[PDB]
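Colleague: Before we start, here is the structure in question, set down as structure tokens.
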Amino acid sequence: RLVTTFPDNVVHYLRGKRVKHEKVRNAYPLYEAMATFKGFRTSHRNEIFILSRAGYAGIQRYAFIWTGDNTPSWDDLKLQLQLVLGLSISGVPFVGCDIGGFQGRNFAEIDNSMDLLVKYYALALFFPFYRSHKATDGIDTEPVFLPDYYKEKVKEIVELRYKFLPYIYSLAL
Amino acid sequence: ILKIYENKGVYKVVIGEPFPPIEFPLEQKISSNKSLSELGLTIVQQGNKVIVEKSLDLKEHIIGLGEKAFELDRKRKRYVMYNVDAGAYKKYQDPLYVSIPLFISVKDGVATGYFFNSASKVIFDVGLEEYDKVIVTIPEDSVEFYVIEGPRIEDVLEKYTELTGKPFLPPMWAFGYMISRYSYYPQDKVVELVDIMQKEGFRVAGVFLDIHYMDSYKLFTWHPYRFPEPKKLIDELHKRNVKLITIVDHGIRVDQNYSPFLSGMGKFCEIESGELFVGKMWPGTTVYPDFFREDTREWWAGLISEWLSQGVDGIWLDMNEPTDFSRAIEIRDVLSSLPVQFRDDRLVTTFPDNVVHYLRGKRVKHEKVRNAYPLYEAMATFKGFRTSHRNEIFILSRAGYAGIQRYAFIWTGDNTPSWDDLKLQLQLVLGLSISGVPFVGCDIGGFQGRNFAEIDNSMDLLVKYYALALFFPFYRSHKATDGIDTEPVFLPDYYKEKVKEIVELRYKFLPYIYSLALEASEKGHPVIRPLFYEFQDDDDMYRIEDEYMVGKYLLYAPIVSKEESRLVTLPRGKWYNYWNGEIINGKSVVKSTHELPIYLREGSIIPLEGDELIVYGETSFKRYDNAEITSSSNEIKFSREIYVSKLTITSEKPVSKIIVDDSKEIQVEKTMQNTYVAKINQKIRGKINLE
């Protein structure tokens with residue numbers, strides 16, 4: 001995985017000093033989010049929404065964070081909980097995971113069962129960020145493509161979230 | 001160049017000047033007015049490629065494509081059609097052993113089929129490249145495909161079957177319980193095992209002999225030490241009323257004193273440059289018969305016929321993708337002592353690119369006709385039975401192409417035993433079934449033995465395999481060499497009894513299964529069917545994959561988990577719980593109440609072993625022996641005189657008695673809710689009335 005980072009000879013200009021990428025790497029998304037946030041200010045847009053995959057201390061000033069390309073499985077339910085709580089206890093409040101799992105069907109260890117999908121919706125019931133996302137080759141996970149039995153379960157869960165939204169948003173304040 | 005012909009709801013679209021893998025007769029080939037535009041298709045001819053596009057709506061369902069390790073609704077995936085030895089395949093692996101270039105679109109409840117008659121590496125991009133499109137790429141400059149009008153899915157399959165060939169009608173024993181292993185030997189052990197099985201109450205229809213029976217894996221030979229007296233083995237099995245099925249690969253050993261090699265000379269596959277294509281297979285250095293040629297087929301039929309004349313009852317065609325190991329072995333030779341891990345690329349097991357064949361006197365590249373190889377081998381093998389005047393034909397094949405149903409059963413290959421495999425196998429057999437190949441099954445208990453850690457050989461899982469395949473046309477237990485012994489007789493009493501009861505239950509339903517087999521050979525209707533086959537207008541049905549219909553009347557929701565009970569989704573209409581008699585209203589979810597969740601829909605007639613009969617609602621049914629049975633207006637009519645042992649009627653309204661042929665009143669007994677039984681035990685001239 002480290003092969004996907006910037007190579008060692010990349011440099012940046014931080015406060016008038018030429019620095020190596022490896023010394024300031026983790027703050028890159030922070031500054032990108034900062035510039036993006038500034039974009040909203042420039043547009044005199046008061047309702048701001050920015051989602052970021054990476055981050056560093058202070059990223060909470062400008063964006064929500066989701067747990068990336070998770071794999072749908074029963075074990076992932078526990079993993080996602082650790083991930084979002086880890087972020088939460090570390091200063092990044094607005095977090096969530098991809099409901100239903102991101103990975104589609106490019107490898108065998110992917111569980112696309114419908115009861116698991118429902119448990120994802122249920123798991124994230126009170127997560128700040130509530131989004132369903134899927135890879136290109138994944139099955140359609142929108143509730144409207146589910147058999148009535150499962151469709152109703154998702155429907156009720158979502159309705160329950162909206163019922164509690166005022167509380168959630170108060171906590172956001 | 002574009003030509004379109006129409007004939008009884010089938011549009012034949014010809015692009016350029018096609019040279020089909022095989023030619024399908026077209027009754028009355030008549031020009032059509034229908035334009036590509038009115039068919040909702042777009043076509044593009046490029047660099048030796050033909051691309052056919054169709055739109056794809058959000059609610060549109062795409063089914064078919066044969067043997068695919070994916071959900072039955074094929075959307076959001078780019079499928080490759082190329083026969084290949086999949087090895088220890090896992091779910092979502094593509095491609096596999098069989099290639100049926102047919103998919104059916106169900107839009108607004110209306111089904112339409114699309115069959116591309118190319119045995120090349122056809123690509124079906126179902127809403128992947130373009131979310132709102134189905135893009136089919138045929139790697140040839142020309143192609144012929146068919147648009148098969150429905151409106152019912154059954155209509156499409158009937159027309160498709162009419163076009164590519166009706167399934168042959170196999171003998172009833174072909175649907176019996178088959179035991180197999182890789183391998184059973186020597187010959188005395190084979191008979192010993194059959195005796196123990198029979199002695200303990202297992203009705204074994206046949207035994208499969210894997211490659212260990214051959215002499216150095218040479219086709220049409222008996223191992224001199226393990227099988228000294230083959231005719232003694234054959235007589236011993238036959239007097240025990242057990243059939244013998246022998247595996248037969250496609251590799252001819254390059255051996256100076258091996259008869260088939262010498263007699264086959266001149267009929268083998270070659271490479272571009274003119275030499276014979278010499279590869280590697282079980283026998284070692286091997287050559288392969290060019291089954292695309294008529295003389296090769298005639299030569300092969302002769303060998304099959306001679307092999308059958310010893311008393312062998314069936315032929316099990318394996319490795320016929322066709323598979324070859326020369327390329328893989330080459331990689332191992334060169335990078336042998338290198339402490340590295342090789343990537344497992346299954347395509348490396350296909351024939352190399354320079355192999356050629358002679359199809360209809362024309363020389364063609366292997367990659368253009370590859371997928372049809374098993375079709376032609378099966379064809380030649382079938383001809384072998386005809387040559388032997390053998391009316392009871394049994395041929396099992398691993399690979400296939402459109403039309404393979406004319407000659408053989410198909411099993412899902414080297415599956416890995418695990419709870420997840422139960423669901424995978426269901427998708428595989430139903431995928432084949434909805435694609436024109438009715439006689440299918442999987443290895444009960446899983447093929448993989450113990451060569452890797454992710455293999456679950458637990459006994460309760462084994463029982464669930466037997467239960468899962470309860471109504472599959474092909475019912476066989478098969479295991480790899482290093483796998484534990486999975487024969488029921490080696491199981492503790494607790495599990496042994498469970499398997500025994502399941503097998504007995506299958507035989508109880510065999511008459512129904514075989515009747516559906518007859519239906520399959522006459523109309524091209526599949527035996528086991530995904531729920532959407534009978535209820536294509538209900539979108540919910542396209543997401544139900546742990547349930548399947550057995551014919552038009554029986555819904556089976558096998559338990560595919562550790563749980564003791566499962567949730568059962570019932571389609572529209574009324575359903576009868578086979579075990580407790582409860583009748584439930586369709587389009588609902590209920591909890592199973594037995595280990596084998598069976599339901600009969602309202603409008604069912606089911607023949608059972610021992611002349612038993614079950615009738616629920618009104619419908620018309622044809623038994624395998626040609627006797628038509630009708631239930632309507634409280635009357636059960638028979639097209640001819642047939643014996644009836646026990647009659648079971650399921651009815652919400654009470655039944656006090658039945659009248660046989662208007663002149664004999666027979667008392668009825670209510671055994672449980674909505675269930676009435678009448679002990680008739682006699683010939684019925686023509687009708688039974690319910691009072």
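Letters for chains follow the order of the structure tokens (A, B, ...), residue numbers begin at 1 for each chain, and ligand numbers begin at 1 in the order shown.
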Pull the strand (DSSP E) assignments for segment 49-80 of chain A out of DSSP run on the backbone, and list those residues as a ChimeraX atom specification.

Modeller: /A:51-52,64-66

Colleague: Tell me the residues of chain A close to chain B, meaning within 9 Å using only C-alpha atoms, as a PyMOL selection string.

Modeller: chain A and resi 105-110+114+136-140+145-149

Colleague: Separation of atom CA of residue 25 of chain B and atom CA of residue 473 of chain B, in Å?

Modeller: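 It comes out at 28.6 Å.
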
Colleague: Expressed in Å to a single decimal, how great is the separation between atom CA of residue 233 of chain B and atom CA of residue 185 of chain B?

Modeller: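 About the pair atom CA of residue 233 of chain B and atom CA of residue 185 of chain B: they are 11.1 Å apart.
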
Colleague: Quote the spacing between atom CA of residue 85 of chain A and atom CA of residue 127 of chain A in Å to one decimal place.

Modeller: 9.7 Å

Colleague: For segment 391-405 of chain B, work out the shell of residues within 6 Å, counting only C-alpha atoms and skipping chain neighbours fewer than 2 positions away, then give it as a list in words.

Modeller: residues 97, 98, 99, 100, 164, 165, 167, 170, 171, 314, 315, 316, 317, 318, 320, 321, 371, 372, 374, 375, 407, 408, 409, 410 and 437 of chain B

Colleague: Need to verify the contact set: segment 154-156 of chain A, 8 Å, only C-alpha atoms, exclusion of same-chain residues closer than 4 positions in sequence. Can you return it as a ChimeraX atom specification?

Modeller: /A:118,121-122,143,150,160

Colleague: So that I can check the surroundings of residue 509 of chain B, please list as an NGL selection string every protein, DNA and RNA residue that reaches within 9 Å of it, counting only C-alpha atoms and ignoring chain neighbours fewer than 6 positions away.

Modeller: :B and (471 or 606-609)

Colleague: Tell me which protein, DNA and RNA residues are within 8 Å of residue 648 of chain B, counting only C-alpha atoms, leaving out same-chain ones fewer than 2 positions away, and put them as a VMD selection string.

Modeller: chain B and resid 613 to 615 646 650 675 to 678

Colleague: Grab the residues selected above and save them as a CSV table (one decimal), in the first residue's frame with C-alpha atoms.

Modeller:
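Once everything was written out, this is again.csv:
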chain,number,residue,atom,x,y,z
B,613,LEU,CA,-50.9,-39.1,-6.2
B,614,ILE,CA,-51.3,-35.7,-4.6
B,615,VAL,CA,-53.7,-33.2,-6.0
B,646,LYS,CA,-53.0,-43.6,-2.3
B,650,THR,CA,-55.3,-30.8,-0.1
B,675,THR,CA,-55.4,-32.8,4.0
B,676,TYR,CA,-57.5,-35.7,2.9
B,677,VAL,CA,-56.4,-39.2,2.1
B,678,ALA,CA,-58.1,-42.0,0.2

Colleague: Please give the complete set of residues from chain A that DSSP, run on the backbone, assigns to alpha helix (DSSP H), formatted as a PyMOL selection string.

Modeller: chain A and resi 21-24+28-42+74-88+114-123+148-172

Colleague: Find the spatial neighbours of residue 52 of chain A, counting only C-alpha atoms, within a cut-off of 8 Å - ignore same-chain residues fewer than 2 positions away - and output them as a list in words.

Modeller: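 So the residues in contact are residues 29, 33, 50, 54, 55, 63, 64, 65 and 66 of chain A.
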
Colleague: Out of B:235, B:247, B:2, B:682, which residue has the shortest atom-to-atom distance to residue 222 of chain B when counting only C-alpha atoms?

Modeller: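 Nearest candidate to residue 222 of chain B out of B:235, B:247, B:2, B:682: B:247.
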
Colleague: Given the choices B:174, B:286, B:329, B:250, which gets closest to residue 378 of chain B if the distance is worked out from only C-alpha atoms?

Modeller: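 With only C-alpha atoms as the atom set, the closest residue is B:250.
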